[PDB]
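A.B. asks: What would the 3D arrangement of this be:
(7 chains)
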Amino acid sequence: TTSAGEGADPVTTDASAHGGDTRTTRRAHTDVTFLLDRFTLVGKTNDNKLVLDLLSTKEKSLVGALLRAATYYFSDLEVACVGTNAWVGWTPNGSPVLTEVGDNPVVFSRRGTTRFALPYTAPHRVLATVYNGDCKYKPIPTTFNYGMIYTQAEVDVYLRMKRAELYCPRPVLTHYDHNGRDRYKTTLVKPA
Amino acid sequence: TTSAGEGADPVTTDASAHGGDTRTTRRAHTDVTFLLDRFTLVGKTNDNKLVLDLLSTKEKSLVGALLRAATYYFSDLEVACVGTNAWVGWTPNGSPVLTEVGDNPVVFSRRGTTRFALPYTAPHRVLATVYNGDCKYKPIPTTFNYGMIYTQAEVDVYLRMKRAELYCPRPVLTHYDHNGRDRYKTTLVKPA
Amino acid sequence: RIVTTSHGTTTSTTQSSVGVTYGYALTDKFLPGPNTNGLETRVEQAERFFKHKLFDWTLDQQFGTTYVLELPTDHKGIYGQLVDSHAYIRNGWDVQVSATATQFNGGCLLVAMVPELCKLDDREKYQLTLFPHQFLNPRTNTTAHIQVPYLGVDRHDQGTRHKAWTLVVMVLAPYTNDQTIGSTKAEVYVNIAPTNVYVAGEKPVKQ
Amino acid sequence: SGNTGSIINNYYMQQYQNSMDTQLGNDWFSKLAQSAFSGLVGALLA
Amino acid sequence: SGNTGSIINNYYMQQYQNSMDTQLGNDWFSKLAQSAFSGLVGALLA
Amino acid sequence: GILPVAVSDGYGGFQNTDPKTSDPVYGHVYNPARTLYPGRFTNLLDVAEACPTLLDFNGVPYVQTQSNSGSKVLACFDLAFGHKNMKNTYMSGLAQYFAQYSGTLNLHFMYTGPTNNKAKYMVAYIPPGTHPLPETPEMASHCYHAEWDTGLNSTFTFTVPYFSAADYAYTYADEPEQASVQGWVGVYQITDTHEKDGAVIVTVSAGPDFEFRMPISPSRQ
Amino acid sequence: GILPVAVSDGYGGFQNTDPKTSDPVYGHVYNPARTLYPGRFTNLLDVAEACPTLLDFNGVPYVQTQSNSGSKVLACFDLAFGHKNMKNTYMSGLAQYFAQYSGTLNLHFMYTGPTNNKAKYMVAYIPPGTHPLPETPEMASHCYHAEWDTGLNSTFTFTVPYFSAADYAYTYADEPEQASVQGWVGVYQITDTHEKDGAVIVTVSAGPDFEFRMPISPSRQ
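C.D. replies: Residues are numbered from 1 along each chain as shown, chains lettered A, B, ... in the order given. The relevant structure is shown in the block below.
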């Protein structure tokens, strides 16, 4: 179909012009909520502390990449610290940094991992993955966090976004290197 | 609004005088019962004994502070002794101090902690956090307790007030030190 | 394709319209929130067009060349006065961008409104189309028109600093003047108007 | 009430879980707060 | 919704499991997609 | 056979703020009647709305005409619970236990002068980013404000509003925070008959729509 | 007595993609209203259908008449997300996270030449195993194709079909894969008035029946 592309109005076509059909599609796997609803490893704690910042997610992982594909987002959160450690503790967004959690929410370990559920605690209606605040581009606020955890020992930290909502899509780039080759190619799983 | 403040009758005003609204408020977090319904660490046992006295609560902790914000109170109680120890035992308010619990309620440890539930056992309708009994001020009775615990070894003791009722509010002072500064300031949780 | 947009005492008539692109919403409905305590007010007098020259589209600029204009920009009119009198402000934008070239010139500019644009890689440029946009293609039109709503993690902004929106015009195909009668460059102008401006928190102007 | 919320329930009977309250024969501060004057003393203009 | 599916249920109350949403007083892209032109500009033959 | 069950890692550890009850151990205890016991309170904010507490101005709860200075400013302070003037108030006392708040506040002014001493005052809410904080009634009149004079009624109550980009503000101040993110409140004396002081007792209480969220035990040093 | 229960081996370990929720620990938090927030998206394919992204032809998004060569081929590339021309597209971006796909694709061509410069183009889908990939419009006319000429409408949209032995194809290419298992798409220029280039911007979007399955985090190096 010819069209006046300048106006930017969407155009989506079948194969019917050429005599074709349309297959039945089931897009369950491209559902945003479903996609982000899994645990992603963000790394290890530091002095047995870790600020819960979704921007800590590895940017080439499925979750890190998708989260960054949106300008704004909202979600609740689940945490799981795996490692040999006794107890993970937590403080909400806006609390002063402490020397010891003592009395704030504390959860004891069970068979080497501590997993628990948290609520969105920011003071904003939604958070952003980018924020052009005083950083004049020429050709992230304190508040953007989900609290902080305190642990008894070093552990691997995993975050899981629950009830996720994304707004204003942003680019998602391929991360494999073509080298000089035209096609990309790798070894895919095959019977040995 | 002008008023005859001398009479002490309450006055609470909107922003309507200046053209304003009123926001919808949800005071779930300032609910007394909810607030005190959590475990607070009061310390370690002594000769493997500890009198259950809510006044043992750390006075600068959320629970210790709030409990002291009332003259009278009532509640049931939950206890959790964490540490490597085999068994925590208990006797009600008014029982003689014993050499061994033997036969009074005993509860065995499970994965390093022993947690159990108790009933208010005092002989009074309510207890007090202060009691001006023979202590003439110039410009706590035996009975005020929840019993006593006996343990097999030293442990950290946690108390949790259940079904809490508070009467006759008392002052709650700030505990941070301004130093000489005008504002107070600390480091709040922020993305690193 | 004659369309006249008007705001206040200002009008704009184009004869090569290609339509308006509404970004992320069909309207900028204002829902007052608790952050203003109901003291915010609309100032319609501010909702009018102001103009700016963005750049000269020339023969040497190649694909990827990018010019941006962060909003809110400096304003020497009513809108700018709001900033001195009030602490908080919010509004959307009605944007018209033009590149006046002859139909005997060639090339193509991409015009887009991107939110929270702190930085842009060169690869990300291939995907600028995920943002509300339109095209300036000489053979077809000399006008672009995008209308976007107020956006942000906060219901209001504390006077500038934060530029929620940044207009971006980038060369897709280079300008050409291979047919003798075209022009050697095309000036690119911007015609913008703030919409639904609500301000709050009055303070003294001057001293 | 309080900070306990199990959609399901409680396994042991009430007489064991808690102490039983009794009566003989009421939120002062809520009432006190409710009673505060929130109007305007004097006459208003414009 | 999401990647959670227990035919049975959830044990703790909603006010504890998640944060409660509020309102004052909607899938842009679905709508945008829905609106795409999928016809034919001009006349068709044969 | 019997019910197959899967024990899950990460679940079960001791928790201090968990939503479940402990197993009972001592039954059948009936309490003494506490029917009609007076002074009961249910929410800290009910007492916080009804009972204003004293501000501190370098050791005293009152603001005053004062000595030498052609300065009409009786007090100007950061709208912050951590400000030193708010130091001994029930509101700041409570606020140390919550991370965020939202809502209005009420400031009360009780005049203490003799019958023949008359004055006229004004209080304004200065928003953040305002530059030279106004030092004169004249300049301050450009802000949300209230002017009142002395007379039969000794007390005047003012409503400090809530403006911010966000729906909630923090009760604490981050170390790197040069100016008050919430602005200031300035109390000025426009005029006074007699330079011999007339003390104005200042007090603060929660507004009808004030609210705290996120309990925290900020404990220690 | 009490409920007999059998604890099962192999069940219970920590899982990263499991269908259950963690135990709660901090209740009663009510969020700020996010009513009417703009730009919401629910499925990556809705944005993928509506927003075409740029192909890359050695550094530029356009195909062109070009210099020396009596070659009518403007572009001919493997129908593959891993092809270098597809490198910077949202479709290839997303595809790296799924193992398989099925469905149609839309290729768009926007002509950029001046009013007096006219041309006529053609695009064809060349199935796998086709031998000498056609280099001329004449030969390529034997494939599923579309011819169009310049005029009032600058843009033309083409539908790349789905043919394969299987219902789904792989987004990645196995190391031992000499030819494109999915064939190629060839874009040719039948004729042009003026040899001074007229740039055609090429773009790609998901077809109405396109679909991805099997999310994968292909992470690293």
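A.B. asks: what about the helices in the chain?
C.D. replies: Assuming you mean chain A. A:32-36, A:62-67 (DSSP state H).
A.B. asks: Wait, chain F was what I had in mind.
C.D. replies: Counting by DSSP H, the helices of chain F are F:44-50, F:90-95, F:137-140.
A.B. asks: out of the ones you listed, which comes closest to chain A?
C.D. replies: helix F:90-95 (11.7 Å; CB to the nearest CB). For every residue, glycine as well, the C-beta is placed using N, CA and C.
A.B. asks: Could you export that closest one as CSV, CA atoms only?
C.D. replies: This file holds the C-alpha atoms of helix F:90-95, laid out as CSV (Å, rounded to 0.1, in the frame of the first residue of the first chain):
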residue,chain,number,x,y,z
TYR,F,90,5.0,16.1,69.7
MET,F,91,4.9,16.4,65.9
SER,F,92,8.7,16.2,65.5
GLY,F,93,8.7,13.6,68.3
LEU,F,94,6.4,11.4,66.2
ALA,F,95,8.0,12.2,62.9
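A.B. asks: which other residues reach it?
C.D. replies: Residues outside helix F:90-95 that contact it (CB atoms under 8 Å, 6 or more residues apart in numbering or on different chains): B:30, B:171-174, F:44, F:47-48, F:51, F:53, F:81-82, F:86, F:101, F:105, F:171, F:204-206, F:212.
A.B. asks: Ok, stretch C:179-192 next?
C.D. replies: Contacts of stretch C:179-192 (CB under 8 Å, 6+ apart): C:12, C:49-59, C:67, C:69, C:71, C:93-102, C:104-106, C:109, C:138, C:167, C:169, C:175-177, G:114, G:116-117.
A.B. asks: Repeat the analysis, applying 7 Å as the threshold.
C.D. replies: C:12, C:49-59, C:69, C:93-102, C:104-105, C:167, C:169, C:175, C:177, G:114, G:116 (CB atoms under 7 Å, 6 or more residues apart in numbering or on different chains).
A.B. asks: Just the buried ones out of the residues you listed, please.
C.D. replies: The neighbour-count test (16 or more other CB atoms under 10 Å in any protein chain shown) marks C:12, C:49-50, C:54-55, C:57, C:69, C:93-102, C:104-105, C:167, C:169, C:175, C:177, G:114 as buried among the contacts of stretch C:179-192.
A.B. asks: Point to the residue nearest the middle of chain F.
C.D. replies: residue F:91 (4.2 Å; CA atoms, centre = their mean).
A.B. asks: Roughly how far does residue D:33 sit from chain F?
C.D. replies: In this view, residue D:33 and chain F are 4 Å apart by CB to the nearest CB, to the nearest Å.
A.B. asks: give me every residue that touches that residue.
C.D. replies: Residue D:33 sits in contact with B:10, F:46, F:49, F:50, where contact means CB under 7 Å, 6+ apart.
A.B. asks: Which of those sits closest to residue F:34?
C.D. replies: residue F:46 (19.8 Å; CB to CB).
A.B. asks: Wait, a helix at residue C:194?
C.D. replies: No - assigned with DSSP: H, G, I helix; E, B strand; the rest coil, residue C:194 falls outside any helix and is strand.
A.B. asks: what's around the closest residue to it other than its chain neighbours, how many residues?
C.D. replies: Spatial nearest neighbour of residue C:194, excluding adjacent residues (CB to CB, 6 or more residues apart in numbering or on different chains): residue C:91 at 4.4 Å. For residue C:91, the count of nearby residues is 26 (other CB atoms under 10 Å in any protein chain shown).
A.B. asks: Run through the residues that contact residue C:91.
C.D. replies: Residue C:91 touches C:150, C:194, C:195, C:196, C:197, counting by CB under 7 Å, 6+ apart.
A.B. asks: Now do the same contact list for the second one.
C.D. replies: Put plainly, it is residue C:194. Contacts of residue C:194 by CB under 7 Å, 6+ apart are C:46, C:47, C:79, C:91, C:93.
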